[PDB]
Every structure is written in structure tokens, then in C-alpha cells.
Amino acid sequence: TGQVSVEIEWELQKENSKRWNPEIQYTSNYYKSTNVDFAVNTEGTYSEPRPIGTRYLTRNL
Amino acid sequence: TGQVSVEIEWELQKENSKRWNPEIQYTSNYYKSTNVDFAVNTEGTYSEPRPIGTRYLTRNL
Amino acid sequence: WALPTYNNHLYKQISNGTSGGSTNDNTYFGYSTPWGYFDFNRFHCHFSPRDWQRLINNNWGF
Amino acid sequence: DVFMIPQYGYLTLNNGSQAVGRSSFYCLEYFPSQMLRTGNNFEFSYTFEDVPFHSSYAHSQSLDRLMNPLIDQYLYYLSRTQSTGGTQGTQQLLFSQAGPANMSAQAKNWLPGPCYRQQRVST
Amino acid sequence: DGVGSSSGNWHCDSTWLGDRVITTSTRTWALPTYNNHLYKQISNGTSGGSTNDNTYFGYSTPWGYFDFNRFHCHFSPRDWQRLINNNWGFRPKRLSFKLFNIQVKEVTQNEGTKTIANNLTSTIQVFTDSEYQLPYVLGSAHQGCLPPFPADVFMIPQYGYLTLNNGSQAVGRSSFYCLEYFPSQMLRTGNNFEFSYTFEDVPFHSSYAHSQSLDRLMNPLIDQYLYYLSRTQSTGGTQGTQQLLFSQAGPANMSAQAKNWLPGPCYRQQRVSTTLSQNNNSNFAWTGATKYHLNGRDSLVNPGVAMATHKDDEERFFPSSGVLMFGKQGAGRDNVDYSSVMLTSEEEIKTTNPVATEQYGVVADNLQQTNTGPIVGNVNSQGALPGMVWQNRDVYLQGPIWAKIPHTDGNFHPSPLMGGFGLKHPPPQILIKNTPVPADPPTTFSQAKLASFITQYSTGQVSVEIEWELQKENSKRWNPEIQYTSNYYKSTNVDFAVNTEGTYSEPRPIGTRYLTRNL
Amino acid sequence: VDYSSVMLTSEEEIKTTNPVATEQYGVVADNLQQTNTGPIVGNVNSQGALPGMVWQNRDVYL
Amino acid sequence: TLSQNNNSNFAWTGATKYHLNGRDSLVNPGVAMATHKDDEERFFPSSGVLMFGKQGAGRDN
Amino acid sequence: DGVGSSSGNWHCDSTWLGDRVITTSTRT
């Protein structure tokens, strides 16, 4: 047994929109719940509640 | 009559959180509607649908 | 912008006392001038809604 | 949008509808001003004084929940002023250590901000 | 850096250099394995008998943390005496921390036979939240600090925190932190760890008492050139008539003289006597207590604003929740008798701060007239006013040292209510954890995470060094001073020593305000 | 105008430090309890600054 | 206007005091506040105004 | 390189530099 570490460098492409109205953003729910999304239970079991894409910002064709 | 222009430079304080789970973000509704928020009517009358604060990110005390 | 001519270029004393139904709480005394003035003490005068979103969703202070 | 420029006016001290000896009157023409014809322009600059940043965030903790939820305190508090026995309770001075089950009683370092109570009304 | 060599020496000392004093202490610690290396959601709502006031929601982590937010962790009693008997004020300057001589041991429990061996290859993880990104749990008077007597071995507490809640549930703003997401350092036997820290500037602690009272600052021989309304009726007989009558206050009417300053703020608490027969026969420890209401839940004001414990000749009284209360050696945890705790006393600030069990004063209540006698009403809570002057709560040998100022927009006199120094960047938290070592895994692959580990723990030494700055006194007082001294009469044991069992004990709390000074 | 034509803001986010605007700050001792006098306590509906108070400012809007 | 006041001696009883270390003291002159509102110059606070004596004035009462 | 010394530290982090972002994770 032992440890292992990985390090990755990524390049980004910032958006440059001129859209006036606000945008759609991925956010977490504001209403109370028994557990917290992407956290542990009372047993320490991690969990992911839903899949998460990456297409939220918009752009012209 | 004439034109007038104002220019303001602002200083920012970027966040430095280590929070694991996702954050609450201000986003626009994803469901269909008659008009678009923060846009014009069929008459060209601009409108603001709701007030918008600025406290969405979190931080420890 | 468009600028009309106010008061026909006159300064005028304006006031309202406790006469009529005006309570003591709403009395005043002042002047109206023939001048206009600019105002931009409002956030939406400088930020588009998209820019307001970009700001508030990524920064702790400004 | 095209907009209209508001008119300037001000107020001073008064007594009812009358002025007093300290009332002030200002004539704007008494200031050095610039005149422009079609073809002239006007501009100027300004620098802000230092000022703290605006707190654009919310707190993830409450003021009364800053303690560790697993460990007790080494302090004590008056837990009871009577005898824990029956219908013949007698004066006693009785203390305990607050912990996870009595966070409302733990000693604290800070205090909520000031208030000025207003009237409540429902929608 | 080998297995067969130590990685540090025992430094436990204190040196005095004039305006400087440098304390140094070393202890031996033991670190178990918490939660079986698991994070766990912990909460308690209004279910059962748990009132709404005592709900919470948070997490318990498998990490431990060091704590030395206690004065007796650095000063011997003799040193505390040397300090408090000769200086007007002091404050910390720098700090150094060090870990060394780590050794990890694993325990095999087989058929009752418990055996312990060395595991030379195991590691521990250590890091410091030098950017204050985690919930600062220190500064809450929790147990687990370094022991006072250097010959004691102590156990490291477990780290856990709380967040926003609604009953027993979380909300959208609830935060969850994973400590493994931080860059940490791993140490085997033969490695050591250390770092340094510098304190921000902070005013000296007022380690003195005032030799004058606020209302007695005038010259007792001369009058004032001012006047005051001395009487509003005719000095004649049974036919008194309206008159406006004035005089100059002087030595015989010092209560009426004009003054420049004003006593500090107050928040009246309930008074209670140590003579059980003198108290009301009912249980009002919670009902009659001074509380404050926040977000629908109520909380006890403990210890509250620094106010005088009692006025003259009333030492048997004390505020219900306005005094730090330490427990004697070996005292029980819950609902012990008064005879087993030690009450402090802030009587020394009677000169400027109001008595905690009386009203701040009395103020006009209506507009008097010929047909309306004047009415006056008590003030039981008073905010700040221009011209108010007050003193802070005293510190103690076994009390806290500092506290972190909450990062908000506004505040007012950010001194910790429990006493000590308020800092924006306190000494960072130091966290520690045993690196998990899994048991033998199965022979075929499986998606499920490992759940069987070797039982083990670790131990080692730790040393802290703090440099303090002193403020020597410069009095011209003629007569001798009050000094803290030990009793000269024979006794069974010695104060601040061990029993016949080797159990250390502290007989009484020790403040720091003994020297005097003019206002 | 009717309520349906205005938009109310909400400073709920500062519940962590500032008191609720429609409730008392707390409750404080009112008299000197004795064997024959039960302790009395009274509401505080307005509180000035105290040493150790921490609060947040009112939020801004677009 | 002596006739406008209550017929009783309340120069000390009705005065604004403050309690410190068991003894009470008069608040003189106290916090800086306006002496009187408009058209009420005949009024003044009992102990809220600096009071000088004329030349050769007696000491007491 | 001895038996009594570790051979690496726990690096688990993520930094943002503009157009760059550098992730780092460690596991057992």
C-alpha cells in the first residue's frame, strides 16, 4: 500500500459575450433538506446526487 | 440636448473558499415564458422583473 | 439627454407651513433654481444585468 | 432611452413656513462656470477616497454556533438554584459544564448587533 | 534523519530580559484514531426534549488538533506571580511551534491478549490553516489544552464544526469541508515539523487597578465656578412657592458637582447570594436568566459585558451569569455543588464599571407641570454614549488567552467577552491525523471502498515558545502596595503541588490586577 | 398602489449576526430577587452599541 | 415662569442621576442635547445647561 | 532515502491563474 498523486494543468477559453439579459448558471437548491448534496451521510458515505454537464453558457451560431 | 458618458473603475476582491459542495448562484429560470427577463416588450418598453442583491457566495465567520 | 428651461430663468422661494392640512411634520422652506443637474447614483446606470451576474457570482467584495 | 434632466432645488432651516436668521440663500451664478457652444466639449476626472469593500457574501455559520460540537468547555454555569429531590425543594447553588447538548448555555465571546424594533406585518 | 536518533530536545524554561520574557514548555501527547477515518454528519433537532434553542447541524472529522489557548500552559505559578507583581501591562509578540520524536504503534487484539508493537513505516499528516479557511474552533474555552503540570501526558481532542441549520436539517448555504483537500506534510519516525508566527499589534492588557473612583476626581478643598439648580421651591414654611434657586457645588456636595466623564455601559443581570437562605425558593436558573434572542432561538448571556461583581460589603452576592466559574480538581461534570467550584470576582473595576446587579441610573420619564409631579424611571440596559469610559474583564492563570474576531463589516470594541486579546489573524489552527493503513485486501477486485484497517495510534513531544512584551510600572505611591502572596501558616499540602498520589491541583483562581494607578 | 405592483427586498441573509427586525433584542433582569420576591425580567426593544457587538451592513441592489 | 412649574421641591428627587458603586451622582451637564425646540425659550433642562453666576453672586442658593 | 523518513507530502489542491488551472489530488 502507499500514496499516489496526480497533477494536471488545463488551458481555459474565457467567454466574451455581449448578451444583455442574465445567464443560466448551475446552482444548488436554496430550500432545506435532510443531507447536503455532495457530502457525507451520518455514516461517512460520499454520494453524488445527480450528473452535471458543462453546457450552461450560450453563444451565437 | 446632447450626449454624456461616465466611466468608473472598480476594484475586486476574489473569493478564496475551500468549500467542497457546490455553491448557490444567481441564475435565470430555464422554463419557457412569454417575454425575456430584462428585455423589451413588443412595445420596446424595458423592464426589470425583480430586485437583485449581491450576497450569494458564502464565507465562514 | 434633454434640458428644458426651468422657472423661466428665475429663482423662486418655495415653502409650505402647517397651513391647510399640512401637519407640523411636513413643513419646509427653500428655493427652486433654474438649474439642472446630472445624477448617476444608481448601480444599474453602469452594469448590465449580465455584468451584475458576472460580478456577484465570482467575487467576495468590491 | 432618452431622459430628461431634473431641476435643482434645496431646503434650509425654517419655523413653520417662515425662515430664521440662520437661513441661507445661494445664487448659483456666483460660481465660476464654463460656457459651451456647439463644437465645445466638457470633461473632468475624480478619484475616490479609500473605503472598505462591500461585503458581497453570506455567512455559513451563525454567531451562536461557533463552538466545537464534540468537546465540552472547562467553564461552569449556574445550572439550577433549587434542590433536585421532590416537593420539598430547598435553596442550593448548582453548576455544570455546558457541552454539545446545551449549546444555548455555553459561554461565548461575541454579541449580536444593535436593534431598533419595528412593527411586523404579513403578506 | 535516522530511526536511531532523536529529533529534538526537551525545552521547558522561562527567561526574563527586562521588557521581554520568553516562555517555553514541552509536553507528551497521544493521538488515537477517530471515527475509523470517517467523516460523519452529526445533528440534533427539536426532536425529543431538545428545545429549539439547542438544535445544531455539523460534521465530525477524523482529525485532531492542538490547543494552548490557556495561560497556565506557559507560565508556572511562580512566574505568574513574578509577572503580576511587577508590571502594569503586557502582550504577546511572537510564537514558535515544533513537533518531534514521533513514534507510531499498532495494537493487535487477539483473544484478549493485547500486544503493541512498532510500525516503523507508518506516517502522520500535519498542516496549519495559515489562511483561515476552516471554521476557527479555538477560542471557545474547550478542554484539551496542554496540561498545567509538565509531567502529565495528555490526549489530543477531535476536530468538528457546525454550520447553518433549520431544526435538524441543512440549508442551501450549508458548507461541507474535506480536510484532505489541503496540502499537508507527512512524517515518519525521524522527521520533525515546525513553524513560526508573528502577532499583530494589540493594546497591552490593563494589569492594574485604579486608585481613584470616577466620581471622585475633583479637588476636595476648592469649589467650582459653575452652578446647579439647588432647589425649586421657597425655603420658608408650609406656604412653599415656586422659585428657581441655584448654588455652587463643593466639598460637601461632591455628588452634585459637574463632571466630564461617564460610567461604562451595562446589561443588568440577576443577583444571587451565597447564603442559600437569602435566595428565593424556586428554580429560576434559566427562567430568570439574562438571555438574548437571535434567529428565533434564545441564548444565555455568559459571561456578558464586563461589570463590577458587587459593591462594597456585599461579597456574598454575584451575578447569575456574569462571572467566570472554574471547577476544583476532580470536580464532576454536571450539576456539582457550589463547594466544588471557584468563583472569580471583578470587584476591582468598581471605580468605572457599573455593578452588574443594579441599574445604570435613572432618567426623566415625562414632562412635569404645575399639576403633574415629575416621574423618573430606571435604566436597566445602556448602550454606548459619548464620554463613557470603562475597563475590560480581567484575565486569569487558567483562563483563555486570545480569540478570533469574526470577519464582519462592523463591530464595537473588539475585545473578547471572556477576556483576552482579540485578533483578526490569530495563531493558525494545527491539525493532525494518523494516516490510514488498510488490512489485507481481498484477492479479486471489488468496487467498494476499503473498510478494514490496522488498529494503531501514535505519540510524541511538542514544544511551544512565546515571547511577551512588558510594561513596567512607574508609580510614585509612598505607602506599600498590595501583592499576591501565598499563606504563611502550616497546611497539609502545598498550594500548586502534587498530592501523595501525584495529582496536581490549583487551589484558587489568580487574576492579574494587584498594582494600582491613578485614573 | 397595490402590493402586487411593488417588489420587496429581503435581508434574510444576515440572520447569522443581526437580530430579527420584528422581535426584541433579548431580555434582562428587572429587579433584585429575594426569598420573598421572585425574579422579574423585561424585554429590550431597542439596544445601542455594546463592546463585543458584531453586525453586517444592509445589502446593495442593481 | 415660576407659575408654570409643579409646586413641590424636586430639584434632587426628579433629577437625572446615575448609579455607581452604590452611590448616586447627578448627571451634570450630561450629554450634549438641544436646550429647547422652537418658540420655547422659557424652558431648559434641570441639569443640562452650563450655569454661570453674575458678578458678586453669592455662593449658595 | 532511509526507512525512517517519508518520501513525499500530501498534495491535494487546485489553483487558478487566469487562463490556467492546475488540479492536484492524492489518494491511498
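In what follows, chains are A, B, ... by sequence order, proteins preceding strands, each numbered from 1. We use all heavy atoms of the structure for the numbers below, so side chains are in, but hydrogens, waters and symmetry mates are not.
Contact of E:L164 with chain F is made through the side chain alone, with heavy-atom distances under 4.5 Å. In this structure, the portion of E:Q269 lying under 4.5 Å from any heavy atom of chain F is its backbone and not its side chain. Residue E:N279 touches chain F through both its backbone and its side chain, counting heavy-atom pairs closer than 4.5 Å. Of the atoms belonging to E:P414, not a single heavy atom falls under 4.5 Å from chain F. For F:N36, the part lying near chain E is the backbone, with the side chain staying farther off; criterion is any non-hydrogen pair under 4.5 Å. Both the backbone and the side chain of E:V272 come within contact range of chain F, each with at least one heavy atom under 4.5 Å from a heavy atom of that chain. With a threshold of 4.5 angstrom between heavy atoms, E:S320 does not approach chain F through any atom at all. For E:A289, the part lying under 4.5 angstrom from a heavy atom of chain F is the backbone only. For chain E, the nearby part of F:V44 is the side chain; its heavy atoms alone come within less than 4.5 Å.
A 4.5 Å side-chain heavy-atom check between F:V41 and F:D30 finds every atom pair outside the cut-off. Here the side chains of E:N44 and E:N54 are not in contact, with every heavy-atom distance at 4.5 Å or above. Side-chain contact between E:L262 and E:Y360 is present, with at least one heavy-atom pair separated by less than 4.5 Å. A heavy-atom distance below 4.5 Å is found between the side chains of E:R513 and E:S206. Looking only at side-chain heavy atoms (C-beta outward), E:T408 and F:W55 stay at 4.5 Å or farther from each other.
A distance of 12.5 Å separates CD1 of E:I401 from CE of E:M418, quoted to the nearest 0.5 Å.
Per-residue heavy-atom pair counts under 4.5 Å with chain F were compared for E:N378, E:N380, E:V301, and the maximum is reached by E:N380. Ranked by heavy-atom pairs under 4.5 Å with chain E, the list F:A29, F:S46, F:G48 is led by F:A29. Between chain E and the options F:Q34, F:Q47, F:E23, the largest number of non-hydrogen pairs under 4.5 Å is found for F:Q34.
Between the side chain of E:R268 and the backbone N or O of E:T357, at least one donor-acceptor pair lies under 3.5 Å.
The neighbour count for E:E315 CD, taken as heavy atoms of other residues, nucleotides or ligands under 6.0 Å away, does not exceed 12.
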